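Asks:
Number of protein chains: 2
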Amino acid sequence: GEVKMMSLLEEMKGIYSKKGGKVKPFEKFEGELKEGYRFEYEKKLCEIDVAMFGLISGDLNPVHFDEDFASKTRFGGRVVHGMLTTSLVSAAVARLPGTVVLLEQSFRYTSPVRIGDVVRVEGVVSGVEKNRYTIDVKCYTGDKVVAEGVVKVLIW
Amino acid sequence: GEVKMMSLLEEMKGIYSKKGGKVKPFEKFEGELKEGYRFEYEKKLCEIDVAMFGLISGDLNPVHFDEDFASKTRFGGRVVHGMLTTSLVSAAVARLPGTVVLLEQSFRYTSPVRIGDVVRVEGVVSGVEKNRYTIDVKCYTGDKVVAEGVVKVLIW
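Line by line, the protein sequences give chains A and B.
Here the entry's author numbering is used: the first residue of the first sequence is 4, the next is one more, and so on.
Here the entry's author numbering is used: the first residue of the second sequence is 4, the next is one more, and so on.
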């Protein structure tokens, strides 16, 4: 992995982008983390994201993949995996200043996310104990809440 | 993109497998879901899983990717994304009989996971209210708990 990883990542990035995936250059936020620090992160979730999430996890639930199957359900169409939506929260907190590790997450999924939706993560730091930061998080498509909850991160 | 999806998935499965990913064929579990129903699901997390998770989420945290950087943290090397580990829980519950959608998830990350680890998800249904099932979940590497929490699923 050392050189293997960044080489594999770069190789897969070129394929991923050509399949319609959005590349999010990785840049850390700045400022002083403390109660009330706010941040935001957004990404369009495309067919390739659903497919890749399915392969890496093994979650090939037809409700995310099969148009006629999903059309028959109460959702009336495919929906993105809920855990793909909230994967964006990992990306958002990873951009906080310092070295970031996830300790806790807790989400409720409130409305489905459709393929092609832009999901926006809004976080605000709510608690600080030593180097553990508690963060209130809501995920949106447009102005509609699609997930809500809390994460805790360790930041060195 | 109704019929582009299943073609995209099949094509990506080939690239994914060639890069070392484990293809986790999708088959449903069986039985009537009552309190005390227990299930397990496991998957080996490989370099390609970390890379793909990073691309789909945008989480390119150096702690998961950069050997030199990660080696200087207390982990002594790279660790996988916590949310990659618990993505396997989505895949586990997706296999429950019926049409499954995630309603809630809550996890604490207790010990890091590394490239090459087999993560085993153990679930037990702890409560049922109509078609909403509360499931206690622990993720393991061998005998060691790496994440623990609770999910709630809607099953039609």
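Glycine residues also receive a C-beta, built at the ideal position from the N, C-alpha and C atoms.
Beta carbons nearer than 8 Å to chain A: which residues of the stretch 7-23 of chain B have them?
Replies: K7, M8, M9, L11, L12, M15, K16, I18, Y19 and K22
Asks: Counting only Cβ pairs nearer than 7 Å, list the residues of chain B close to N64/A.
Replies: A97 and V103
Asks: Quick one: measure Cβ to Cβ for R77/A and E107/B, integer angstroms, because I've assumed they're closer than 8 Å.
Replies: Incorrect: roughly 18 Å between the Cβ atoms, too far for contact.
Asks: Are at least three pairs of beta-carbons, each pair with one atom in the stretch 11-18 of chain B and one in the stretch 140-154 of chain A, less than 8 Å apart?
Replies: no
Asks: Can you say whether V26/B is buried or exposed, counting buried as having 16 or more other CB atoms within 10 angstroms of its CB?
Replies: exposed
Asks: When the Cα atoms are used, what is the spatial distance from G79/A to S114/A?
Replies: 13 Å
Asks: Taking 8 Å as the limit between beta carbons, can you name the residues of its chain near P65/A, skipping five residues before and five after?
Replies: Within the same chain, Cβ atoms closer than 8 Å to the Cβ of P65/A are found at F72 and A73, the five residues on either side in sequence being excluded.
Asks: Taking 8 Å as the CB-CB limit, is residue 191/B close to chain A?
Replies: This structure cannot speak to residue 191/B, because chain B is shown only from 4 to 159.
Asks: Taking only the alpha-carbon atoms, compute the straight-line gap between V116/B and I51/B and give it to the nearest angstrom.
Replies: 15 Å
Asks: In terms of alpha-carbon separation, which member of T137/B, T144/B and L11/B lies closest to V124/B?
Replies: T144/B
Asks: Do the stretch 84-97 of chain A and the stretch 53-68 of chain B meet, that is, are 3 or more Cβ pairs less than 8 Å apart?
Replies: yes
Asks: Given a cut-off of 8 Å on the beta-carbon distance, is the pair residue 2/B and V131/B in contact?
Replies: No answer is possible for residue 2/B: it lies beyond the span of chain B, which begins at 4 and ends at 159.
Asks: Tell me which residue opens and which closes the alpha helix (DSSP H) that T88/A is part of.
Replies: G85 to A97
Asks: Using the Cα positions of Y44/A and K75/B, report the straight-line distance between them to the nearest angstrom.
Replies: Looking at the two C-alpha atoms, the distance is approximately 28 Å.
Asks: Using three-state DSSP, classify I138/B as helix, strand or coil.
Replies: strand
Asks: Return the bridge partner residues of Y19/B from the DSSP annotation.
Replies: Beta-bridge pairing links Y19/B to no other residue.
Asks: For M8/B, tell me which candidate among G119/A, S109/A and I138/A has the shortest Cα-Cα distance.
Replies: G119/A
Asks: Rank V92/B, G39/B, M86/B and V6/B by C-alpha distance to the C-alpha of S129/B and give the top, closest one.
Replies: For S129/B, the closest C-alpha among the options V92/B, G39/B, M86/B and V6/B is that of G39/B.
Asks: How long is the line joining the alpha carbons of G126/A and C142/A, rounded to whole angstroms?
Replies: 9 Å
Asks: How many Å lie between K133/A and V92/A at the Cα?
Replies: 22 Å
Asks: Let me confirm a value: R135/B is counted as buried when at least 16 other C-beta atoms fall within 10 Å, else exposed. Which label applies?
Replies: Flag for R135/B reads exposed.
Asks: Under 8 Å Cβ-Cβ, which residues of chain A neighbour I118/B?
Replies: Simply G4.
Asks: DSSP on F78/B, reduced to helix/strand/coil?
Replies: coil
Asks: With C-beta atoms as the reference, is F56/A less than 8 Å away from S10/B?
Replies: no
Asks: I want to verify the contact list: residues of chain A whose CB lies under 7 Å from the CB of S93/B, in sequence order.
Replies: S60, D62, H84 and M86
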